[PDB]
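Engineer: Build the 3D model from these lines:
(chains A, B, C, D, E, F and G, ligands or ions: 1)
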Amino acid sequence: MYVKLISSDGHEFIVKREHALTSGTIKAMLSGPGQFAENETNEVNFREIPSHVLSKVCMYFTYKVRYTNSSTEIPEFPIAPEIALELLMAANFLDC
Amino acid sequence: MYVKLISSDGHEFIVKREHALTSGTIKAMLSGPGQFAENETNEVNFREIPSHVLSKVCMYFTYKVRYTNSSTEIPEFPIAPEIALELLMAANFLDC
Amino acid sequence: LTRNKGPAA
Amino acid sequence: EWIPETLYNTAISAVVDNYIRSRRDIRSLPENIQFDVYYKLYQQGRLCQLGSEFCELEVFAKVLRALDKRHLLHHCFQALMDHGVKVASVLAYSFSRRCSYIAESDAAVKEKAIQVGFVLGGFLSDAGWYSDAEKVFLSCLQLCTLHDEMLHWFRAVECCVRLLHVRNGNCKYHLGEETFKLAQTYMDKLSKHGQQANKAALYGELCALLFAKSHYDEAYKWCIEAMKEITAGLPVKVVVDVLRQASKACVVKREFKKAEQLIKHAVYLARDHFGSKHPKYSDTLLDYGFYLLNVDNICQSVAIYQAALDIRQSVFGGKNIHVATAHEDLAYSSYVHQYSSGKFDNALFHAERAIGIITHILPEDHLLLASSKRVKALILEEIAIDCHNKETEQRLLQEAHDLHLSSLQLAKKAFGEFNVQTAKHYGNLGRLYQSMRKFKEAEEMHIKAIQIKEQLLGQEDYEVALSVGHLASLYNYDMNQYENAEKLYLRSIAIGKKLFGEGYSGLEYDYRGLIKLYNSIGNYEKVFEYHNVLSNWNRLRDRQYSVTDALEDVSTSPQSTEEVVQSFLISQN
Amino acid sequence: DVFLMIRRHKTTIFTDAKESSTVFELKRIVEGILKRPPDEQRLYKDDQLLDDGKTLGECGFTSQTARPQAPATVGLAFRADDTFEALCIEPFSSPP
Amino acid sequence: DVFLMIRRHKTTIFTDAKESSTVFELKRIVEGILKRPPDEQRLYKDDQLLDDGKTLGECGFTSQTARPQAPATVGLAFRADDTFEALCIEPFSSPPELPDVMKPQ
Amino acid sequence: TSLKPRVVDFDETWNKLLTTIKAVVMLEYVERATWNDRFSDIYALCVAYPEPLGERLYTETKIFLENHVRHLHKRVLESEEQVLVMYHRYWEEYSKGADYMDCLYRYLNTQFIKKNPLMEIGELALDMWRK
Ligand SMILES: [Zn+2]
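Structural biologist: Numbering: from 1, shown residues only, chains lettered A, B, ... in the order given. Find the structure here:
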């Protein structure tokens, strides 16, 4: 059930399926000819997204799915300034 | 009536003397010991100004002389974006 | 009033 | 609920806060990302970092390619122009200088520059910088006139159509006729080889020019031609513009029946295709309010203008020529609406907001400023005759005299001596001199206004009726030429009854003046006759008055295109 | 809660677990994702081994140092050739 | 009125002439400048020789492509021992190529 | 490499995309790694430099869908007396293909089609099946 996001350099980023389905592009990538519901995992390959930004993407996945409709104060997502731009290009592409 | 405006690369832009006296610096270069060149044209050496800049300077000379005191609408001098910086220092230095 | 409206804007 | 913020918007905030050092890499971002960074720069208030990037044609061309988010780009651009930086002039000069360096290059880069110039000039015409969009369209024209080819003729005639629009909005009417002649030359050249260009937008722009030049008959002829040349493949903008200008030419030609259908269909098209918060829909509402004000639908005409201003002020920021035109139109409609109430506080607020804007952005010798002066004076003078002070009244009369004199001089310089708007200025001066207790000059002003509006327009028009009513109110109350006053009252009543029927709101003042005239001259039987006539008029006024809002009359139309146009065209015979 | 970024070599499996949970619960949930028994894989916080009896409340972190937007890295090491190798966590990438 | 650049190797002559003027008048101008008889010179426009009898406007020198602010290059060669070398117009120095601001790093 | 705008030759990218899409439509096997790489190909085409190739990509996608639906129409016209069965099986295949193309063309739909007369690829394929 746990999808396996693979970065450009090969870093697997195994994260919960419900967490990854928040982003529209991963939802599209899984839904289609590339479902492969067997093997109890759904590997998805990102040939263009580096690891230092896919890690922040997965952190945001967990952060957003955790703080859905949260009644408390929502902390800011700590995007480092040096990776802020490379994450931005990976934010509209992933629609997250 | 003709002056040879030798550039830094060895290019010898033979421009009319009335044209070249538009610039104050060439007028000063052609005054004093600089006008002792008996061999017809007065060779003016420009060891700092490159050929692509001195060519545009000479084109400006023959443009301003032709388009002086003309009642018709006057087009602006075409200066390429990559040459404007170098032509600006040559326009100051030549006082044209 | 005394007269009519104002002609145009 | 505290929904967590999108990673897109969270990274946008992080990148913008880093904009000090990541300013060169953002310019290499995708267009949708790049515009969002600049919109976040605007939202954070950092206009100086935003304005130092929109002053460059290359960077502004990538944010101009976001067509859906241009309703935000217009507001950002207006904030930049209100900031102090002249982004409109800088971009126009940059494009005009950059096109000349590639005008001698190949046709592919020339077509790319023509497309960039079309996008930028369309943006600057939408925003209202017509003087700063004329440069871009002129430069596109010189790009369009160096190679002899079919597509370059198409681009040139489009350049002349769009350049006619930026010269109508800038009140450059002595260049607009030359531009239309050049456009007709290129169109005839194009049709010489057997390819017929579509002339709907061109003839619509010429109709708008001639209506603005107060040549109502020739504007009506050219709008008839434009409606004749409407096809099914036209863009919605061209169809809406032609319908609006045809409705404006029809309503000033006293054909309110055709103008109603034309402008209602135009409003339906503008609201359907664009939306309820579009500048084009706002312009269509402005023309709809013009129709309503000219067909005696004042109560909802004010509400329609307020809808037009609420769209232009929401899209085009605070200080724009388009917001200024919305203000000056809403101020005059409010002035007309409260002319029998005297509550000229909102109307004066809108009229002074239409001058404090134009004086910022336009020179003092501009024609479009003059109209904004008019709308103020007709308000200020009225505030003079309702106030309880004498020195205040004299000061307001002096100020309105200055405003009308300046507007008259501007109209005489631009239009000429003898047309409709100069005579409107003369009638305004006649009313003012009647209010300024100087009726000897008021008689001359009204007489010359009658002469100009009668030898040019018809003898049974709305404006002629208005001016004969003003002149007879001058006579029967102060100058005391009772025979002339009586005949002019009868003329005004007959013209108003012919035009708007008995429900015309302008007949009340004529009836009151005639009642006072007859009380001052006798024939008490006729006094009672006109008193019961006024009673019947008020009965008809209170009846059929509770009408719905005019923005509801434009519902989902049961008449589509090629039915309103055909109905208008086949009724011309 | 507690959010972890359990990382071995290239694999960077994300995990959500309670602060009152135990290490062996992490092992038994990693069972269903990486398909290896708990006796074959051992956690490695920083560079020190984690005892299986210590709960996550006092394992070496808390709910504030393992936020969903900043999970705590935990190493792994399987058994190959009848022996255990050291942790081989490599950096993600170098931001530009 | 047509403006040219005669580009005999490194030399460049910024002379002016009329469209109605002939090519031989241009060769006379070069004679007045380079002290070479017109029979020694051979003018080339875009690697195409110019006939002596042809006017300047005939060869393709109009006042729209050879304006003073951008004169038209005219090649020239000198006779060397009863021969004629080909045109050897050496290019001007390449300006420092300003990089595109939108080129990604 | 990097998720930045970059110059790319549209011909070879469209060729690989066509070879993938022909399998995606009418329910043929395409490798999951290729399916995931086509998303990056679509993104690179949409944000290509200097001119974004979203319009060209949409135009050739519409053209290819025209060709495919016309070929299916000719194939089902060549069939007789059982046209319902062939039409139903081709309709199921094309509906699945349209859904999977709408999934694959999600960046073109989101950033080009929905950000402008134009219709989404999932809507375009079904409307072209109707037309
Ligand atoms: Zn500033």
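Engineer: so how far is residue G:102 from residue A:37?
Structural biologist: 20 Å (CB to CB, to the nearest Å). Using the backbone N, CA and C atoms, a C-beta is placed for each residue, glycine as well.
Engineer: of those two, who's got more company?
Structural biologist: residue G:102 (21 against 9; other CB atoms under 10 Å in any protein chain shown).
Engineer: And what about the more buried one, helix, strand or coil?
Structural biologist: Under DSSP: H, G, I helix; E, B strand; the rest coil, residue G:102 falls in the helix class.
Engineer: Without its sequence neighbours, what residue ends up closest to it?
Structural biologist: residue G:122 (2.9 Å; CB to CB, 6 or more residues apart in numbering or on different chains).
Engineer: shouldn't the one you found be in contact with residue G:97?
Structural biologist: No - assessed by CB atoms under 8 Å, residue G:122 is found out of contact with residue G:97, at 10.2 Å.
Engineer: For those two, indicate the residue with more neighbours.
Structural biologist: Remark: of residue G:122 and residue G:97, residue G:97 carries more neighbours, 23 against 20, as counted by other CB under 10 Å.
Engineer: Check chain C for the residue nearest chain E and tell me.
Structural biologist: Chain E sits closest to residue C:9 of chain C, with a gap of 58.4 Å, by CB to the nearest CB.
Engineer: ok, that residue - contacts?
Structural biologist: D:328-329, D:331-332, D:371, D:374-375 (CB atoms under 8 Å, 6 or more residues apart in numbering or on different chains).
Engineer: ok, 10 Å please
Structural biologist: Residue C:9 is in contact with D:290, D:293, D:325, D:328-333, D:335-336, D:351, D:354, D:371-372, D:374-375, D:378, D:424, counting by CB atoms under 10 Å, 6 or more residues apart in numbering or on different chains.
Engineer: where does it land in three-state SS?
Structural biologist: coil.
Engineer: For the nearest residue to it once chain neighbours are set aside, identify the helix or strand it belongs to.
Structural biologist: What sits nearest to residue C:9 in space, not counting adjacent residues and going by CB to CB, 6+ apart, is residue D:332, at 4.0 Å. Taking DSSP states H and E as the criterion, residue D:332 maps to helix D:321-337.
Engineer: Return that helix as CSV; C-alpha atoms alone will do.
Structural biologist: Provided in CSV are the C-alpha atoms of helix D:321-337 (Å, rounded to 0.1, in the frame of the first residue of the first chain):
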residue,chain,number,x,y,z
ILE,D,321,-8.4,56.9,-16.9
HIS,D,322,-11.0,54.1,-17.1
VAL,D,323,-11.9,54.5,-13.4
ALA,D,324,-11.9,58.2,-14.1
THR,D,325,-14.4,57.8,-17.0
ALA,D,326,-16.6,55.5,-14.8
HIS,D,327,-16.5,58.2,-12.1
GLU,D,328,-17.4,61.0,-14.4
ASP,D,329,-20.2,59.0,-16.0
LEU,D,330,-21.6,57.9,-12.6
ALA,D,331,-21.3,61.5,-11.3
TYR,D,332,-23.4,62.9,-14.2
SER,D,333,-26.0,60.2,-13.8
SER,D,334,-26.2,60.8,-10.1
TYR,D,335,-26.4,64.5,-10.8
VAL,D,336,-29.3,63.9,-13.2
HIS,D,337,-31.0,61.5,-10.7
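Engineer: Tell me the helices and strands packed up against it.
Structural biologist: Here helix D:321-337 touches helix D:70-83, helix D:107-127, helix D:279-294, helix D:298-315, helix D:346-353, helix D:355-361, helix D:367-386, going by 3 or more CB pairs under 10 Å, 6 or more residues apart in numbering or on different chains; DSSP states H and E.
Engineer: could you redo the last one with a cut-off of 7 Å?
Structural biologist: Under the contact definition 3 or more CB pairs under 7 Å, 6 or more residues apart in numbering or on different chains; DSSP states H and E, helix D:321-337 sits against helix D:279-294, helix D:298-315, helix D:346-353, helix D:355-361, helix D:367-386.
Engineer: could you dump the ones you listed to a markdown table with mean neighbour count and distance to residue D:416?
Structural biologist: Output for the helices and strands packed on helix D:321-337, formatted as a markdown table (neighbours: other CB atoms under 10 Å in any protein chain shown; distance: least, CB to CB, whole Å):
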| stretch | mean neighbour count | distance to residue D:416 |
| --- | --- | --- |
| helix D:279-294 | 24 | 23 |
| helix D:298-315 | 22 | 29 |
| helix D:346-353 | 21 | 26 |
| helix D:355-361 | 18 | 22 |
| helix D:367-386 | 23 | 12 |
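Engineer: Looking at those helices, spot the one closest to chain E.
Structural biologist: helix D:298-315 (36.4 Å).
Engineer: Is chain C within reach of the closest one?
Structural biologist: No - Helix D:298-315 lies out of reach of chain C by CB under 7 Å from any CB of the partner chain, never closer than 9.4 Å.
Engineer: Kindly format the C-alpha coordinates of that helix as PDB.
Structural biologist: Extracted C-alpha coordinates of helix D:298-315, given in PDB (Å, rounded to 0.1, in the frame of the first residue of the first chain):
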ATOM      1  CA  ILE D 298     -32.300  57.200 -14.700                       C
ATOM      2  CA  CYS D 299     -33.000  55.300 -11.500                       C
ATOM      3  CA  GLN D 300     -31.400  52.100 -12.900                       C
ATOM      4  CA  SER D 301     -28.900  54.000 -15.000                       C
ATOM      5  CA  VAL D 302     -27.200  55.200 -11.800                       C
ATOM      6  CA  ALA D 303     -27.200  51.600 -10.500                       C
ATOM      7  CA  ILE D 304     -25.700  50.400 -13.800                       C
ATOM      8  CA  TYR D 305     -22.900  52.900 -13.700                       C
ATOM      9  CA  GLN D 306     -22.200  52.000 -10.000                       C
ATOM     10  CA  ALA D 307     -21.900  48.400 -11.300                       C
ATOM     11  CA  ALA D 308     -19.500  49.700 -14.000                       C
ATOM     12  CA  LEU D 309     -17.400  51.600 -11.500                       C
ATOM     13  CA  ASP D 310     -17.300  48.700  -9.000                       C
ATOM     14  CA  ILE D 311     -15.700  46.500 -11.700                       C
ATOM     15  CA  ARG D 312     -13.200  49.100 -13.100                       C
ATOM     16  CA  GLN D 313     -12.200  50.200  -9.600                       C
ATOM     17  CA  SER D 314     -11.700  46.500  -8.500                       C
ATOM     18  CA  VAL D 315      -9.600  45.700 -11.600                       C
END
